[PDB]
Amino acid sequence: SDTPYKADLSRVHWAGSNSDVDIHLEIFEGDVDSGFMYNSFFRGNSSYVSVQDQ
Amino acid sequence: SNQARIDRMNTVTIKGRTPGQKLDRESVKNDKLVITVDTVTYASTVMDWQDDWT
């Protein structure tokens, strides 16, 4: 239930006297969560009149 | 600069003399004229985008 080399392992990003402290780096790839999107259904078809600048 | 200068001067006088008398001598006088600019004149007008769009 146990293998040799167990007390002599080298652990790269584990620090401390006995290599217990984690020092690893976080990996980020852009994804962000802010809130659900919404699509309007009245805007698609209706009566429209343009008054801009008159 | 903000100043300009001009010079001014006086004239002489005629006198009379007879034998044995000394000749009098008269000193001309000087001054100056200076003009300065201090005040700005302007006209300004402002409008709002909400009123511009209509």
# chains A, B, ... in the order shown; residues from 1 in each chain; ligands from 1
>>> interface_residues(of="chain A", to="chain B", cutoff="9 Å", atoms="only C-alpha atoms", output="PyMOL selection string")
chain A and resi 51-54
>>> select_by_dssp(residues="chain A", states="strand (DSSP E or B)", output="list in words")
residues 14, 15, 21 and 22 of chain A
>>> write_last_selection(atoms="N, CA, C and O atoms", output="mmCIF file, in the first residue's frame")
data_model
loop_
_atom_site.group_PDB
_atom_site.id
_atom_site.type_symbol
_atom_site.label_atom_id
_atom_site.label_comp_id
_atom_site.auth_asym_id
_atom_site.auth_seq_id
_atom_site.Cartn_x
_atom_site.Cartn_y
_atom_site.Cartn_z
ATOM 1 N N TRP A 14 5.800 23.147 -4.356
ATOM 2 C CA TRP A 14 5.403 22.934 -2.971
ATOM 3 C C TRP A 14 6.540 23.384 -2.068
ATOM 4 O O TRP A 14 7.649 22.844 -2.142
ATOM 5 N N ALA A 15 6.264 24.367 -1.219
ATOM 6 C CA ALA A 15 7.276 25.007 -0.392
ATOM 7 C C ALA A 15 7.102 24.579 1.065
ATOM 8 O O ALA A 15 6.213 23.795 1.405
ATOM 9 N N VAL A 21 3.161 23.701 1.531
ATOM 10 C CA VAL A 21 2.582 24.978 1.123
ATOM 11 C C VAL A 21 2.490 25.010 -0.395
ATOM 12 O O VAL A 21 3.470 24.718 -1.091
ATOM 13 N N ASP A 22 1.316 25.371 -0.907
ATOM 14 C CA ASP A 22 1.109 25.448 -2.349
ATOM 15 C C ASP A 22 1.603 26.791 -2.879
ATOM 16 O O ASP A 22 1.348 27.840 -2.281
#
>>> residues_around(residues="residue 2 of chain B", least_positions_apart="2", cutoff="9 Å", atoms="only C-alpha atoms", output="list in words")
residues 4, 35, 36, 37 and 38 of chain B
>>> write_last_selection(atoms="N, CA, C and O atoms", output="CSV table (one decimal), in the first residue's frame")
chain,number,residue,atom,x,y,z
B,4,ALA,N,3.9,100.1,-25.7
B,4,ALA,CA,4.6,100.8,-26.8
B,4,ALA,C,5.0,102.2,-26.3
B,4,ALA,O,4.4,102.7,-25.4
B,35,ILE,N,1.5,103.3,-24.0
B,35,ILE,CA,0.2,102.8,-24.1
B,35,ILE,C,0.2,101.3,-23.8
B,35,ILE,O,1.1,100.6,-24.2
B,36,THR,N,-0.9,100.8,-23.1
B,36,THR,CA,-0.9,99.5,-22.7
B,36,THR,C,-2.2,98.8,-23.1
B,36,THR,O,-3.3,99.5,-23.3
B,37,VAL,N,-2.2,97.5,-23.3
B,37,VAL,CA,-3.4,96.7,-23.6
B,37,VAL,C,-3.7,95.7,-22.5
B,37,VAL,O,-2.7,95.0,-22.1
B,38,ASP,N,-4.9,95.7,-22.0
B,38,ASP,CA,-5.2,94.9,-20.8
B,38,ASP,C,-6.5,94.1,-20.9
B,38,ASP,O,-6.6,93.0,-20.3
>>> select_by_dssp(residues="chain B", states="helix (DSSP H, G or I)", output="compact mmCIF listing (two decimals) with N, CA and C atoms, in the first residue's frame")
# COMPACT_ATOMS: atom_id res chain seq x y z
N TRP B 49 -27.02 69.13 -26.68
CA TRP B 49 -27.16 68.06 -27.66
C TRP B 49 -28.61 67.62 -27.81
N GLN B 50 -29.36 67.56 -26.71
CA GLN B 50 -30.75 67.13 -26.79
C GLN B 50 -31.57 68.06 -27.69
N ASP B 51 -31.33 69.36 -27.60
CA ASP B 51 -32.00 70.32 -28.48
C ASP B 51 -31.43 70.30 -29.89
N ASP B 52 -30.14 70.00 -30.03
CA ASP B 52 -29.54 69.91 -31.36
C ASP B 52 -30.14 68.76 -32.16
